[PDB]
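A.B. asks: Following this message is one structure expressed as structure tokens.
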Amino acid sequence: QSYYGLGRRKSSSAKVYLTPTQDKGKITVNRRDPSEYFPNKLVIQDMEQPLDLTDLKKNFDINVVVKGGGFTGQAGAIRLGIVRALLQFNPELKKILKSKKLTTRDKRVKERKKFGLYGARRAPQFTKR
Amino acid sequence: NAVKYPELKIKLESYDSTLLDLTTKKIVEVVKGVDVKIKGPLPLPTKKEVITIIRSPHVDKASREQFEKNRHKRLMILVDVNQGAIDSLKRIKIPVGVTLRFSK
Amino acid sequence: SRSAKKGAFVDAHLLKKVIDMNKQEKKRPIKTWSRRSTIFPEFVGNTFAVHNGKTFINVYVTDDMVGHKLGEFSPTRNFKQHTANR
Amino acid sequence: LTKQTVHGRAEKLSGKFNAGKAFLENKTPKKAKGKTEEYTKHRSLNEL
Amino acid sequence: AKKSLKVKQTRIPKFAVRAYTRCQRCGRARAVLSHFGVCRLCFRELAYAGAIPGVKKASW
Amino acid sequence: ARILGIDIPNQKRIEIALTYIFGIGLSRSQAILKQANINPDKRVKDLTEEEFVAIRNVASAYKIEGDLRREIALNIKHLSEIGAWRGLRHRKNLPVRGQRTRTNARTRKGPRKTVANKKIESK
Amino acid sequence: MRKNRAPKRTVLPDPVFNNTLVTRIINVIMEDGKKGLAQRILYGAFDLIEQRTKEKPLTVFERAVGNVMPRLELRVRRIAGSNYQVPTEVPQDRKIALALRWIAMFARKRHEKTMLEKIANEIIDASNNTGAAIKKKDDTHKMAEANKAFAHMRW
RNA sequence: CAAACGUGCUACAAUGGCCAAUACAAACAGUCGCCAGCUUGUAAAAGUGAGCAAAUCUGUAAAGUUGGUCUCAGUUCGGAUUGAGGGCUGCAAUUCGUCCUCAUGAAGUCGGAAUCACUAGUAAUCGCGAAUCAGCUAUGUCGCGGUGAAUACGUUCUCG
RNA sequence: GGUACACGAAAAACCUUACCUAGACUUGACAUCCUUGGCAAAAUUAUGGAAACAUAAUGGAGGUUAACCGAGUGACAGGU
Ligand SMILES: [Mg+2]
Ligand SMILES: [Mg+2]
Ligand SMILES: [Mg+2]
Ligand SMILES: [Mg+2]
Ligand SMILES: [Mg+2]
Ligand SMILES: [Mg+2]
Ligand SMILES: [Mg+2]
Ligand SMILES: [Mg+2]
Ligand SMILES: [Mg+2]
Ligand SMILES: [Mg+2]
Ligand SMILES: [Mg+2]
Ligand SMILES: [Mg+2]
Ligand SMILES: [Mg+2]
Ligand SMILES: [Mg+2]
Ligand SMILES: [Mg+2]
Ligand SMILES: [Mg+2]
Ligand SMILES: [Zn+2]
């Protein structure tokens, strides 16, 4: 009985596969060791942020497939993906996970550049005199 | 019975969207009224080109409007057609806007 | 800069006059509008009147001026002194 | 005490003028405008 | 000096690099859209009348 | 040090020491370094006579650093003794290539000699 | 003229020593938008602190930052000539924020070597109330004490 | 071009310079074009040459991670200027194209009085693409994504 | 001034180009209306040419003049 979750953040998909196991979780991202797929700049804890405060002793085998974005965006996708898979095993977990706001799409994406402006919200220097 | 055309790959593209859906409905209805197994009317990504034009005639480059032109695209591949379908394919009359990429 | 395979460049109108003018002993200034023609070894010894834009400035080519462009040894604009604004 | 001279330019550039003059006398009016050709249509219903 | 330049642009030049693109409706030389052969200020008038199929206003 | 009249820093690696010579930059220094086979990252102070002769020989084979200054000097004189407009432009201490001279190009004009902008009492 | 109070974004608990404040100072030393670089620099300084002070780095950091934290804040209020200052009690959130800003500002000006050792020295130099950030806090406190009279009038 | 101002780029550096290995985008564009691979070349590029009328083929992602080195110097910073040799486009590169290689190494060590923008994927910053275009020191313009902050107590003052 | 100054110009070597110096033209490089014929304009090769332009050449798609190629012709074309 596996579980599936689909997270997204900054145009980055995520396919998280939750498999019941009792021989250590063995976190895995895109068939590669997390310490090598990510700059291992301590970003690994973030994805596990909702999998820590509840538990990881249940040794859920993680099968992550992420295609798109940079590396923090990919990390954001799997946290939501981990949480969406978590919403099929013990619907109580949802309540406490909802609290910390770890069950909401961040809704934050890069704005479009506007004409006459040096960026999304920047604007040229103004000279009066 | 014959085929005379294996893997007829019809490709659709048009500047408009609603006409494109209409043409796919008409194409599918005729081709299913004859004995052909349609793979399916799949959508392809729409190539969008955007041109930026300054509104003012002489000065004020800052005030510049924008225009877009979308090339909506669809794919449709027919397995076996035969004369029974091909002869009925002659009376389809595709609205001008829709563009065909028949590849045989 | 200029490629190798291409080589040098003369308009071949300047080249034809120079060949004709070198054979003739009593050479006189050659009126050429081609500031684009590079100075070829055969040009040596002749004198040309390059169009600066207004007049024809006379240049006497030597065995040393060889290689650059014929218009490079003449000017086009002139600036020699400003004037106090205030 | 002088090792004659190892400069003087000319010689090297002389080959360059010869190359340029040979090109100029070679010049063939091969004026053209294009590259790839054919495969230019918008299709139909193969007979409408 | 407009009419003479328009006629000369239609006529073929003696060098390939001598050929430039001028708007086909008016005679404006700069800011010509090769995708449409129409300058920026004729493209606005034409786009606001519906003559060019598919050029709608953009919202992005 | 000992290489001609140049005094390469003694506490600095050889590949940078060669750059300190006038006629030898960095890329050409590496060419001499690789050609002589002497391994880089070897502080010049911790180097032996066997390398000091080979490096000198290849440097002598290349263009002498002292002759380059007179080579550039003859070339400017060569350009000015022809009467070229480029020579004239180099002559009056101005940009020799196509650089603009309206509001910029002060690296060849030294410090600014502020004059008096026009007087505008309005019109 | 606004009548609205701005919201506040989360501070985040630190990922190592679980001391929020570490993330704030990381963001303070941020330059060129490099999260990675800043974490490395800062974290390296705690390791240098271990090698030198033989004590827990979080405890030393709190002892430095808590000691640097000011109490009074002087707000400029001009009427006719110059400005008569007004001492006011700063909130707790701004207290930590101002402390961190000064710590970073005097750290990127020390005569030391790589900013790892530079920033490491400033914090260890501030745990004993003898440094550059301390002097700044001392100066503003003395200025407020001198201008105690106008504290009653604010605006 | 004796000068002055405006808007930007590059810097004055170890949050960095150089070298090696290496992970992760979105959007757009393309048959006088995109050009894979291969051969030659210190390199810009040349020759051969498939593939792609395109969710198929092509347009190397960089910051970022690790390792080595520099050890704070007007320097392995900074790249101006200048000399020479090459490559591409084009009849044609001197006036007046840009790229590469070599050579040189101006000023500049945070900038006076005074000023500008910005309230989250925003400021800052790193690359990518397109338009006009044979080519173009567009560092410009219009777009796309990677990393990603700080602060807002309040209307006494300031501008509208 | 704010509301000009990487603005018109989303590409000034030739072209662009509207400027200057020169070499050439006059119902004109382009157009209509009128009396009138079409048995061409191109492009390119020669010579003189800075190139405009001239003198000689293959005399040219076609469709009998459709479009244009012209003659005659004054109203006029043309002006960044
Ligand atoms: Mg007009
Ligand atoms: Mg220039
Ligand atoms: Mg800009
Ligand atoms: Mg380093
Ligand atoms: Mg594939
Ligand atoms: Mg200095
Ligand atoms: Mg540098
Ligand atoms: Mg040049
Ligand atoms: Mg310094
Ligand atoms: Mg706001
Ligand atoms: Mg910047
Ligand atoms: Mg105004
Ligand atoms: Mg011109
Ligand atoms: Mg006939
Ligand atoms: Mg007839
Ligand atoms: Mg008028
Ligand atoms: Zn127009």
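Ordering of the structure tokens sets the chain letters (A, B, ...), residue numbers begin anew at 1 in every chain, and ligands are numbered from 1 in the order given.
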Can you tell me which residues surround segment 50-58 of chain B at a distance of at most 8 Å, considering only C-alpha atoms (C1' of nucleotides), apart from same-chain residues fewer than 2 positions away, and format the answer as a PyMOL selection string?
C.D. replies: (chain B and resi 48+60-69) or (chain E and resi 40-41+44) or (chain H and resi 131+142) or (chain I and resi 8)
A.B. asks: Counting only C-alpha atoms (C1' of nucleotides) and all ligand atoms, what residues are within 9 Å of ligand 12, given as a count of residues only?
C.D. replies: 4
A.B. asks: Find the distance between atom CA of residue 14 of chain A and atom CA of residue 74 of chain A and write it in Å to one decimal.
C.D. replies: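 Rounded to one decimal, the two atoms are 7.6 Å apart.
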A.B. asks: Calculate how many Å separate atom CA of residue 42 of chain D from atom CA of residue 100 of chain B, rounding to one decimal.
C.D. replies: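 Interatomic distance here is 7.4 Å.
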A.B. asks: Would you mind listing the residues within 12 Å of ligand 5, counting only C-alpha atoms (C1' of nucleotides) and all ligand atoms, as a PyMOL selection string?
C.D. replies: chain H and resi 55-57
A.B. asks: Produce a file of the selected residues containing N, CA and C atoms (P, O5', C5', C4', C3', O3' and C1' of nucleotides), as a PDB file, in the first residue's frame.
C.D. replies:
ATOM      1  P     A H  55       5.887  21.061 -32.615  1.00  0.00           P
ATOM      2  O5'   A H  55       6.076  21.002 -31.034  1.00  0.00           O
ATOM      3  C5'   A H  55       6.258  19.758 -30.366  1.00  0.00           C
ATOM      4  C4'   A H  55       7.153  19.896 -29.160  1.00  0.00           C
ATOM      5  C3'   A H  55       8.170  18.772 -28.979  1.00  0.00           C
ATOM      6  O3'   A H  55       9.368  19.302 -28.417  1.00  0.00           O
ATOM      7  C1'   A H  55       6.767  18.883 -27.081  1.00  0.00           C
ATOM      8  P     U H  56      10.724  19.327 -29.280  1.00  0.00           P
ATOM      9  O5'   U H  56      10.879  17.832 -29.811  1.00  0.00           O
ATOM     10  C5'   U H  56      11.236  16.774 -28.927  1.00  0.00           C
ATOM     11  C4'   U H  56      11.744  15.561 -29.669  1.00  0.00           C
ATOM     12  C3'   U H  56      12.960  15.804 -30.564  1.00  0.00           C
ATOM     13  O3'   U H  56      13.825  14.671 -30.516  1.00  0.00           O
ATOM     14  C1'   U H  56      11.193  14.918 -31.855  1.00  0.00           C
ATOM     15  P     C H  57      15.304  14.821 -29.908  1.00  0.00           P
ATOM     16  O5'   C H  57      16.059  15.720 -30.985  1.00  0.00           O
ATOM     17  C5'   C H  57      16.829  15.126 -32.019  1.00  0.00           C
ATOM     18  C4'   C H  57      17.510  16.166 -32.873  1.00  0.00           C
ATOM     19  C3'   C H  57      18.162  17.322 -32.131  1.00  0.00           C
ATOM     20  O3'   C H  57      19.446  16.999 -31.627  1.00  0.00           O
ATOM     21  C1'   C H  57      16.865  18.167 -33.916  1.00  0.00           C
TER      22        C H  57
END
A.B. asks: Residues at most 12 Å from residue 60 of chain F, counting only C-alpha atoms (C1' of nucleotides), excluding those fewer than 5 positions away in the same chain, as a PyMOL selection string?
C.D. replies: chain F and resi 3-4+23-24+32+53-55+65-67
A.B. asks: Which residues form the shell of 7 Å around ligand 2 when you count only C-alpha atoms (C1' of nucleotides) and all ligand atoms, given as a list in words?
C.D. replies: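 Residues lying within 7 Å of ligand 2: residues 98, 99 and 100 of chain F; 96 of chain H.
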A.B. asks: Return as a tab-separated table the residues of chain B lying at most 7 Å from chain D, together with the closest atom-to-atom pair for each and the distance in Å to one decimal, counting only C-alpha atoms, with rows in chain order and ascending residue number.
C.D. replies:
residue	atom	partner	partner_atom	distance
B:90	CA	D:48	CA	5.5
B:100	CA	D:43	CA	6.3
B:101	CA	D:43	CA	6.2
B:102	CA	D:43	CA	6.8
A.B. asks: Could you please determine the separation between atom CA of residue 66 of chain A and atom CA of residue 6 of chain A in Å, to one decimal place?
C.D. replies: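 Atom-to-atom, atom CA of residue 66 of chain A to atom CA of residue 6 of chain A, that is 9.8 Å.
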